[PDB]
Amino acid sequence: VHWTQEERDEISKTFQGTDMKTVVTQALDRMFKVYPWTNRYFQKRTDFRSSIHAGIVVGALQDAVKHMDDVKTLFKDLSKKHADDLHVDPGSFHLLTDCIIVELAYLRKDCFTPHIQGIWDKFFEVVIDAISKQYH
């Protein structure tokens, strides 16, 4: 994957000027309602909180944004953790990122243009691939 400066800027700027923690919190809740089967992993953690989890997820994305050209190497362990430890079906990864795009769209309204959506789609595609890599 190759990034243009405009794409880097759109992603980096949004993470520094938008409350991604809230966006991701609402994206998780949206996901649990539209794609109920994803609850599978959390109905077991009695003290699970969307707010805390979102913060943990945004902390990883924020990291991916800083090493955008090496997301695969950066997420190697996170990927192994999801495959071997958590046993998360990698097919569910896009259900969350797709919900984040809906929340970004809902937040930016007419400013979330097809072109801007394309940049985020591209970014989440790179993130899904990096985190799905260590599934053997």
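Residue positions are given as counts along the sequence shown, with the first one as 1.
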Mean Cα B factor from the PDB record: higher for 102-110, or higher for 43-51?
43-51
Give the stretch, out of 78-86 and 30-38, with the larger mean C-alpha temperature factor in the deposited entry.
78-86
Going by the entry, which third of its chain does the Cα temperature factor of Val23 land in?
lowest
Which third of the chain does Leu96 land in by C-alpha B-factor: lowest, middle or highest?
lowest
Among the modelled residues of this chain, does the Cα B factor of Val1 put it in the lowest, middle or highest third?
highest
